[PDB]
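Please read the structure below before turning to the comments.
Cβ: placed from backbone, ideal geometry, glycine included. Neighbour counts: every protein chain shown. Readers should treat all values here as calculations from the given coordinates under stated rules, not as data from a laboratory.
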Amino acid sequence: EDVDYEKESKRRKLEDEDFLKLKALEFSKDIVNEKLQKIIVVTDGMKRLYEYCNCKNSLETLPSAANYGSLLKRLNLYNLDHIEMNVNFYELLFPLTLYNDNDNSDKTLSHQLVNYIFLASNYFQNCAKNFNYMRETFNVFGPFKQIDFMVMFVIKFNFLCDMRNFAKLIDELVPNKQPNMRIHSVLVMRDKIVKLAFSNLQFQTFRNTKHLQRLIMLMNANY
Amino acid sequence: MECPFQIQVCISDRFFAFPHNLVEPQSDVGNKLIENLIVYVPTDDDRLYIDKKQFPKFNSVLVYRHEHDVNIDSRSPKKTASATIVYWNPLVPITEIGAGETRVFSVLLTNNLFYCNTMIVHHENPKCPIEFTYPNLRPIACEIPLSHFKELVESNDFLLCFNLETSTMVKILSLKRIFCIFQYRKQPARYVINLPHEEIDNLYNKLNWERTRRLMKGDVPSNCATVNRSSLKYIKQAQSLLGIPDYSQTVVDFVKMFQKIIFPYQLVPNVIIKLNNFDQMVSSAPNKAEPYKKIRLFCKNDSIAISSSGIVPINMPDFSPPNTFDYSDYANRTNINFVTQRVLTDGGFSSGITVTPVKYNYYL
């Protein structure tokens, strides 16, 4: 017999060495980000919606969209109020921060990421700046009960096409298990001012969904 | 205060990382398992490391920064068994509890946690780390743990900082975490800190209280700790007056060097005497002017001990009130004076001479 615990104490002593190795394995990069996987899945993951998005250059309004706006009139059948009027912004863009630029990179990418972030920020700032103008320029095609939601969708979709392109530039570079602290915080504060812009909007609002429902969920940060 | 009934504390330095494994779904009597779970953390930053996927046992998991309310403040917190609750390294008392016994897993015993059901699962880390100060360096952010993960594996020369607003509690917490991970590290890396540090010596005193608190239930580790300024400068002067082969030489070096010789002379080194002398508190203690803390020093198999004041017999109050007293027929003022006159005459010395007869404790 050996009733004393010291046997198990020694066993713990042994185990302890592993601790650091285990933790390091628990902090190494991760192979892929399922959020980006979901993006790639949904991108043209529903009937032919890619082909309408001829819009480009990330800084454009009513780029001959009226052709697509006709099909948005047809979409007007749906209760487009299911669309969120707010932009999830950070709550979608978080996965992009899971990249230590010191590795799997020339350390150059984060710069372009911040540039794209400020781009989209100014985009949405102009959207808030001119929404009513945009309302009228598309109301040209006829008022609709949910024209506000239609405009919101137009904005979000046109953004999303560029977002798809931008993501496919990175093309599933290996992410870290955790985001960059400073990039995350910068995103956080810029999202603060962005939601402040939504507050400054001060507007008020004016099933066979499953396909378009996929993109609606994705806009609404379904997970 | 005290911990409310039906709450338990588990200390583990390992809890510096979130122990995703251990927790199990609580259930009420009647096996009413509560897969709804909510967790509370010092900061939103803490959430960024913590993964929902680790807990298939639960269908519903949520996490929030703690905030110290007012209206619920009670010795007995509010109860809500409808959800399991966890607090991880909490700073401040909690006013609400989950299903069944609530449990907290934390590195650090706050005073709030004293009168509490507590377990530690402790283990000794043998490797004491060190500070160093030169006035190459690794700039370590003063708060974020894993920002420099594996850098703390690779290097040994760690610079530290803080932002002005920082809660002292947060400072202590981060420092504790760093020291634990260092004690796990295989070599004594060197601290460097860019702060006025007087408040850091204050916080060190806090750490002393904390370690004692632990030791109330603890592993009695031989944990290294030091006075950091008075001592520091003194030892620096000591080295300077000696030859300085290494201005970076650790104190423990000199300590052990004297250890080599103490027993053969059976008497107390002045270095160790000045230690436990010029600490504010753990010493002769200018905090309260307490030289009364004389050291009784013992060694294996001895029939006797070495006091601050000479040999003593074992387990007795340092000096007998009775003795072969210093009978005044010696130490007669008159005799002392005469001798002094003789001496001064011979020396041709005008000033600066004083003498005192010796005195004796238990033994002569």
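Remarks
Rundown of residues vs (1) closer than 16 Å to residue B:39 by Cβ; (2) surrounded by fewer than 17 Cβ atoms within 10 Å (Cβ to Cβ), yes/no style:
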residue: B:60; (1), (2): yes, yes
residue: B:64; (1), (2): yes, yes
residue: B:67; (1), (2): yes, yes
residue: B:78; (1), (2): no, yes
residue: B:85; (1), (2): yes, no
residue: B:104; (1), (2): yes, no
residue: B:111; (1), (2): no, yes
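- Residue in the range A:152-173 that is away from chain B (no Cβ under 14 Å) and over 17 Å from the mean Cα position of the chain (by Cα) present: no
- Qualifying residue in the range B:134-148 (condition: more than 14 Å from every other protein chain (Cβ to nearest Cβ) and in contact with a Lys or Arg (Cβ under 7 Å, 6 or more places away or on another chain)): no
- Within the range B:156-209, tally of residues that are more than 14 Å from every other protein chain (Cβ to nearest Cβ), part of a helix (DSSP H, G or I), within 20 Å of residue B:146 (Cβ to Cβ) and charged (D, E, K, R): 2
- Looking across B:142, B:116, B:128, one residue alone is touching a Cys at 6+ places or on another chain (Cβ under 7 Å), under 15 Å from residue B:10 (Cβ atoms) and surrounded by 14 or more Cβ atoms within 10 Å (Cβ to Cβ). It is B:116.
- Residues in the range B:58-74 that are in a strand (DSSP E or B) and under 35 Å from the mean Cα position of the chain (by Cα): B:63, B:64, B:65.
- Selection within the range A:192-211 - assigned to a helix (DSSP H, G or I) and either away from chain B (no Cβ under 14 Å) or touching an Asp or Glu at 6+ places or on another chain (Cβ under 8 Å) (or both): A:193, A:194, A:195, A:196, A:197, A:198, A:199, A:200, A:201, A:210, A:211
- The residue pairs whose first member lies in the range A:154-166 and is under 12 Å from residue A:43 (Cβ atoms), whose second member is not in a helix (DSSP H, G or I), and whose beta carbons are closer than 8 Å, counting only pairs six or more residues apart or on different chains, are A:157/A:53; A:161/A:53; A:161/A:55; A:161/A:56; A:162/A:56; A:162/A:58; A:164/A:43.
- Answer residue from the range A:112-160, given it is basic (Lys, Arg) and buried (at least 16 other Cβ atoms within 10 Å of the Cβ) and is farthest from residue A:217 (Cα to Cα) among those: A:135
- Subset of the range A:12-45 [within 11 Å of chain B (Cβ to nearest Cβ), more than 30 Å from residue B:124 (Cα to Cα) and in a helix (DSSP H, G or I)]: A:34
- Residue within the range B:1-22 that is surrounded by fewer than 17 Cβ atoms within 10 Å (Cβ to Cβ), more than 14 Å from every other protein chain (Cβ to nearest Cβ), touching a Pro at 6+ places or on another chain (Cβ under 7 Å) and closer than 29 Å to residue B:210 by Cβ present: yes
- Qualifying residue in the range B:115-131 (condition: part of a strand (DSSP E or B) and aromatic (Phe, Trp, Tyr)): no
- Among residues that are out of contact with any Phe, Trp or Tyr (no Cβ under 6 Å at 6 or more places or on another chain), assigned to a helix (DSSP H, G or I), closer than 25 Å to residue A:67 by Cβ and hydrophobic (A, V, I, L, M, F, W, C), residue A:151 is included.
- Of the residues making up the range B:288-301, those that are under 16 Å from residue B:262 (Cβ atoms) and either surrounded by fewer than 13 Cβ atoms within 10 Å (Cβ to Cβ) or among the aromatic types (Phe, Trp, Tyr) (or both) are B:298, B:299, B:300, B:301.
- Residue count for the range B:23-57 under the criterion of being hydroxyl-bearing (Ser, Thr, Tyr), more than 11 Å from chain A (Cβ to nearest Cβ) and outside any strand (DSSP E or B): the result is 1.
Residue-wise test of (1) of a type in the set (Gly, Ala, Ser); (2) over 36 Å from the mean Cα position of the chain (by Cα).
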| residue | (1), (2) |
| --- | --- |
| B:304 | no, no |
| B:307 | yes, no |
| B:326 | no, yes |
| B:329 | no, yes |
| B:333 | no, yes |
| B:337 | no, yes |
| B:346 | no, yes |
| B:354 | no, yes |
| B:357 | no, yes |
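- Of all residues in the range B:23-43, those being surrounded by 12 or more Cβ atoms within 10 Å (Cβ to Cβ) and within 29 Å of the chain's Cα centre (by Cα) number 3.
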